[PDB]
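Visitor: Take this sequence and fold it.
(chains A and B, ligands or ions: 1)
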Amino acid sequence: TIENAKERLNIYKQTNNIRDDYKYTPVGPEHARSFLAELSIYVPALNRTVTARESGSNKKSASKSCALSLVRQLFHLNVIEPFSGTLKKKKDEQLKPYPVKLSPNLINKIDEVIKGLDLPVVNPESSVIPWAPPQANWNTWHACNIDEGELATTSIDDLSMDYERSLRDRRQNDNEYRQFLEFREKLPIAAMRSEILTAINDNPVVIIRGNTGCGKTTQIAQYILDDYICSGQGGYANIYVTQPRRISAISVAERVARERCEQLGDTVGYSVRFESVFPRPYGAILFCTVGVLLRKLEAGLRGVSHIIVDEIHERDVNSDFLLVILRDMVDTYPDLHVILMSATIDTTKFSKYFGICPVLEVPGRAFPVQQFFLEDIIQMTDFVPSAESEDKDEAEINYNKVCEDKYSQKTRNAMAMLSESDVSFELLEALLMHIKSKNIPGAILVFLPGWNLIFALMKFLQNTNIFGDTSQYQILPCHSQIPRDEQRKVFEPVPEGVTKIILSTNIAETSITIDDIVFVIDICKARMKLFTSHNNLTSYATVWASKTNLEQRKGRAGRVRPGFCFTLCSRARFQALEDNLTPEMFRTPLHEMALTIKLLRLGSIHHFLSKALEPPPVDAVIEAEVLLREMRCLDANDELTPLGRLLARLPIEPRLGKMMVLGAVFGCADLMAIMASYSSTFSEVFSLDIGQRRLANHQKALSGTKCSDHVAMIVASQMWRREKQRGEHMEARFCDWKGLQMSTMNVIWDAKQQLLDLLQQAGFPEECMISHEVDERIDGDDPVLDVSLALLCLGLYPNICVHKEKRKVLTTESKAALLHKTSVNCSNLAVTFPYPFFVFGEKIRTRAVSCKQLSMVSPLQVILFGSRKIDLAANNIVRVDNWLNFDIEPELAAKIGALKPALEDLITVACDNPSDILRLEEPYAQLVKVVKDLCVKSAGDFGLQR
RNA sequence: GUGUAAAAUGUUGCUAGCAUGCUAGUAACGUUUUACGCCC
Ligand SMILES: Nc1ncnc2c1ncn2[C@@H]1O[C@H](COP(=O)(O)OP(=O)(O)O)[C@@H](O)[C@H]1O
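Guide: Numbers count the residues shown, from 1 in each chain, chains lettered A, B, ... in the order given. Please see the structure below:
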């Protein structure tokens, strides 16, 4: 090669005060002319001159031949480095840390602390939950007897009579209830009401199979309660439904409440995560997520009649756990009746789990449709051409170009034009001419995997305003990012002539459905938001959608029109991929489920997973078991610690509960609730504007001298509190002027309140939960905030990172990374932060480019909060997770890291005796004091500022 | 949803000699360039 072994040589020649290059010297007459280049390199060290003198056709070829030869012999000199470039990287080592730089007073304090605690270091069976039928003077959701009011002296039969007469009066007067009820009767589920209501009483486990859009979600529970109350015993019945999506649960609660024509919370209520509107104790309806039911499971289902668990072919792990537990529930308890619910799937396997349990059928009216593939679209509008980690193995095969040319002009279209990867005017014009010729006014729906490409298609339609003309081509997006106003507007149709273009994702595959849908466009692409435990990676990838989802989309439309299915897939792919989707419970950490089951004293996890729908691979249970045991939360002989009992009630992963323990130990509990709530709830920092690549003046100013997003959101919540002390009307305007996002931080506040309340019931006294307001504008040192930063460092582990330059940062295990756009440390110029160490919250995007929730960390962590186990190395080098280096003599690192037993003993004492957390044992008290002292932000700089 | 002084395959038109051909002088171009604000 000629573009190598010469660039640094030219630089070396420049250092030799030589500006010479390949000088072209013509040789021969105009018929025997040849071009000769000259370039000589002298090496004084070796005194072996090298030169390039080779004839060449063209002036470049004079240099082209000479330079190639010049590389050849000068490389034979064995003096130059090959490729002569700035290529290759080394993950630059500890160019400079702030190694220790503490006063000897701190050294003496640490020595007397470790000698004050004497911690040596080297210096070189299957039970079940209780259940009862409805019982008087007892509430089934609050797990207690009210013993007051009216029920203490009133029988449940009187409650049933009251509910029955209320229903009778409603039938007498409530006319909008009448219209809602023929709306429910004309709904297809109502056809087999009598047989389903008889079978549910006749059968313990009932599986209902009714196609998507049948609307049984809003009606099965209502029918059950009506049947129970028309018999005069509705009061002697509490009905229960869960559902795997919080917003869907809220929507169905609203739908049943409006159909009930009654205020929410009287008979129907919803308990989504971090919220509760619990209804009346008897003859009531509750909706919830699976996690909420798992939390309520501790007391038992005593007093509830039936459970009507929603979607199962979602195949989520929590629903699988719920169903596995509920099978044993009904095996032990015969009176309980269970309703399994699905839309379109082979319920034979689900019945097989329940000993071939009876499965009931709800036939659904549908119109068969024709389907289009590469052949039809190549026939009328062409379909062939292309656009005119880092590596693995195996063999990806692309079937887009693989199609027999017995159809229309494959190669001719290839040579001429189209756009495939990004849908363009071809498909939209095909559907437009379809509308204008077939005269079929219907909604146009397109399903796209990722919100980033959602915005890309929005911008591609907007800039192409000729066919993105909103005034005549209505464009209607649909996702969780956009507010509920747009979702409400989507369900509101607009007059035909102004075509309705709707873009959404797997959220529109279920839950929501428009009666005007005719045009279905599919790309079989969906979000692949998964996690990898072996290296702590979250990938928001996109893989071919499950076939079952493909026929679900195929049957999505066709309300009154027969329906027209436009499939963007090839034959081989359409007949190749599997019908269902891979079980998400196969690739998901089981530590949370393992802790949950181990609190319910349900015996060995291995036996449980053996008696499950799908046995998880043994590596999953092994990794969950080791992640619990080596986290010092489950005893080596499989005995549950009170710490795990605390964790289970916490609706957060143990990586935050373990240290919600410690936050109250250090008197920073409110800030810890804030950080845990915001870290667990993956959301934004502000109401970012559209088309924005950085943060505004105040969006960066709220970071302040600390320059942390965490402290920025903390202070933002602080001003929001001091402004909600005033009215909300101007508060909303002020927060918008601050760019605040309302709902996200409101949820953060509610979660902080719930966490502090739960820590109250844990036994921890209130004084350690007090306000700890911190102002970002001061660059000095406040103990509370640096303690907070240290706990952030220990918490998000192992999400630490090293900043290199600009956005380029280095993360664990030899991977480059950049900063998130929303992160407050984003900019265009080079700004050197006070400390060259950061920690991130989440790693969005597949190729580990964007790190989320960045906050700089004190250099004193190293081993303080840098690993689960002590890391000791040799030759005066400190090993931090085998990817970070510090230069400390072994003894100081040894003593700063030997407090891992100290901290775990502190946590053990705190969970053992929550009542005296403020008044700790005196050696432990001075441990707390000294660790508060050492973790100051500006601590590792004594003796030498820079 | 990056491009530049650098790498070679190679097309044209077109200027002079060597006896309709051959040789040098290229607007331009993927694919391989040191690097620079670049994370979508
Ligand atoms: N605003 C609304 N008005 C009337 N019906 C609605 C409304 N929103 C949702 N629905 C009905 O609620 C039903 C949801 O139940 P479905 O999705 O079939 O069960 P699952 O939630 O288990 O998938 C839909 O079929 C739809 O007809």
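Visitor: Once you drop chain neighbours, what's closest to the residue of the stretch 501-650 of chain A found nearest RNA strand B?
Guide: Residue nearest to RNA strand B within the stretch 501-650 of chain A (C-beta to the nearest atom of the strand): residue A:540, separated by 10.9 Å. C-beta here means a position set from N, CA and C on the backbone, and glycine is covered the same way. Once flanking residues are discounted, residue A:540 sits nearest to residue A:529: 5.2 Å by C-beta to C-beta, 6 or more residues apart in numbering.
Visitor: can you confirm that neighbour is in a strand?
Guide: Yes - judged by DSSP: H, G, I helix; E, B strand; the rest coil, residue A:529 forms part of a strand.
Visitor: List the contacts of it.
Guide: Residue A:529 is in contact with A:538-540, counting by C-beta atoms under 8 Å, 6 or more residues apart in numbering.
Visitor: will you turn these into TSV that also has distance to residue A:156 and secondary structure?
Guide: Below are those laid out as TSV (distance: C-beta to C-beta, whole Å; DSSP: H, G, I helix; E, B strand; the rest coil):
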residue	distance to residue A:156	secondary structure
A:538	49	strand
A:539	52	strand
A:540	50	strand
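Visitor: Got a ChimeraX select line for the buried ones in those?
Guide: Buried members of the contacts of residue A:529 can be picked out in ChimeraX with the line below, counting by 16 or more other C-beta atoms under 10 Å:
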select /A:538,539,540
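Visitor: per the record, what domains does chain A have?
Guide: For chain A, automatic domain parsing gives the domain ranges A:7-76, A:113-118+A:655-934, A:151-362, A:371-388+A:399-568, A:591-641.
Visitor: could those domains go into JSON lines alongside distance to residue A:129?
Guide: Below are those laid out as JSON lines (distance: least, C-beta to C-beta, whole Å):
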{"stretch": "domain A:7-76", "distance to residue A:129": "72"}
{"stretch": "domain A:113-118+A:655-934", "distance to residue A:129": "20"}
{"stretch": "domain A:151-362", "distance to residue A:129": "4"}
{"stretch": "domain A:371-388+A:399-568", "distance to residue A:129": "30"}
{"stretch": "domain A:591-641", "distance to residue A:129": "7"}
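Visitor: just to revisit the earlier point, pretty sure the residue of the stretch 501-650 of chain A closest to RNA strand B contacts residue A:846?
Guide: Yes - here residue A:540 lies in contact with residue A:846, judged by C-beta atoms under 8 Å, at a distance of 6.6 Å.
Visitor: May I ask which helix or strand encompasses residue A:891?
Guide: helix A:890-897 (DSSP states H and E).
Visitor: next one: that helix to chain centre, how far?
Guide: Centroid displacement of helix A:890-897 relative to its chain, using C-alpha atoms, centre = their mean, to the nearest Å, is 37 Å.
Visitor: List the buried residues for the helix or strand following that helix?
Guide: Past helix A:890-897, further along toward the C-terminus, the next helix or strand under DSSP H and E is helix A:900-912. Of all the residues in helix A:900-912, those buried under the rule 16+ other C-beta under 10 Å are A:900, A:902-903, A:905-907, A:909-911.
Visitor: cool, stretch A:147-167 as well?
Guide: A:151, A:156, A:159-164, A:167.
Visitor: Run the chain-centre distance for it.
Guide: The chain centroid and the centroid of stretch A:147-167 are separated by 45 Å under C-alpha atoms, centre = their mean.
Visitor: Same check on stretch A:305-315?
Guide: 23 Å.
Visitor: Can you name the residues of chain A sitting close to the ligand?
Guide: A:212-218, A:255, A:310-311, A:341, A:343, A:510-511, A:513 (C-beta under 6 Å from any ligand atom).
Visitor: again, only this time at 8 Å
Guide: Neighbours of the ligand within chain A, by C-beta under 8 Å from any ligand atom: A:183, A:187, A:210, A:212-218, A:243, A:248, A:251-252, A:255, A:310-311, A:341-343, A:491, A:510-513.
Visitor: Run the contact check for stretch A:77-94 versus RNA strand B.
Guide: Yes - using C-beta under 7 Å from any atom of the strand, we find that stretch A:77-94 touches RNA strand B at A:85-87.
Visitor: Go through stretch A:921-941 and flag the buried ones.
Guide: Neighbour-count burial for stretch A:921-941, counted by 16+ other C-beta under 10 Å, picks out A:924, A:926-928, A:930-932, A:934-937, A:939-941.
Visitor: so who does the nearest residue to residue A:13 once chain neighbours are set aside touch?
Guide: Closest residue to residue A:13 apart from its sequence neighbours, by C-beta to C-beta, 6+ apart: residue A:41 at 6.6 Å. Neighbouring residues of residue A:41 by C-beta under 8 Å, 6+ apart: A:9, A:13, A:49-51, A:70, A:74.
Visitor: Among the residues you listed, which lie within helices?
Guide: Of these, the ones assigned to helices by DSSP state H are A:9, A:13, A:70, A:74.
Visitor: Closest to residue A:687 out of those?
Guide: Comparing those against residue A:687 with C-beta to C-beta places residue A:9 closest, at 55.1 Å.
Visitor: Now for that closest one: which residues touch it?
Guide: So residue A:9 contacts A:41, A:74, A:80, A:84 (C-beta under 8 Å, 6+ apart).
Visitor: Number of residues surrounding the last one?
Guide: Right, the one you point to is residue A:84. Per other C-beta atoms under 10 Å, the neighbour tally for residue A:84 reads 18.
Visitor: just the third one next, same as before
Guide: The criterion is other C-beta under 10 Å. On that basis, residue A:80 has 17 neighbouring residues.
Visitor: That one against residue A:4, yeah?
Guide: No - checked against C-beta under 8 Å, the pair residue A:80 and residue A:4 is beyond contact range at 10.1 Å.
Visitor: now the end-to-end length of stretch A:71-87.
Guide: Using C-alpha to C-alpha, to the nearest Å, the end-to-end distance of stretch A:71-87 comes out at 18 Å.
Visitor: which parts of that stretch are buried?
Guide: Buried-residue list, stretch A:71-87, by 16+ other C-beta under 10 Å: A:71, A:74, A:80, A:84.
Visitor: quick one: contacts of that stretch?
Guide: A:1-2, A:4-9, A:41, A:43, A:45-46, A:48, A:50.
Visitor: Filter those residues down to the buried ones.
Guide: Counted by 16+ other C-beta under 10 Å, these give A:5-6, A:8-9, A:41, A:50 as buried.
Visitor: Which pair of these spans the longest distance?
Guide: Pairwise over these, using C-beta to C-beta, the maximum falls at A:8 and A:50, 14.9 Å.
Visitor: quick one on the thing from earlier: closest to the ligand among the buried residues of stretch A:147-167?
Guide: The closest of the buried residues of stretch A:147-167 to the ligand turns out to be residue A:167 (C-beta to the nearest ligand atom; 21.8 Å).
Visitor: Quick one: residues contacting residue A:405.
Guide: residue A:411.
Visitor: does it sit in a helix or strand, and which one?
Guide: Counting by DSSP H and E, there is no helix or strand that carries residue A:405.
Visitor: Next one: it from residue A:157, what distance?
Guide: Distance, residue A:405 to residue A:157, by C-beta to C-beta, to the nearest Å: 78 Å.
Visitor: What of residue A:876?
Guide: According to C-beta to C-beta, residue A:876 and residue A:157 sit 82 Å apart.
Visitor: what's the answer for residue A:411, then?
Guide: For residue A:411 relative to residue A:157 (C-beta to C-beta), the value is 81 Å.
Visitor: now do residue A:733
Guide: Going from residue A:733 to residue A:157 by C-beta to C-beta gives 55 Å.
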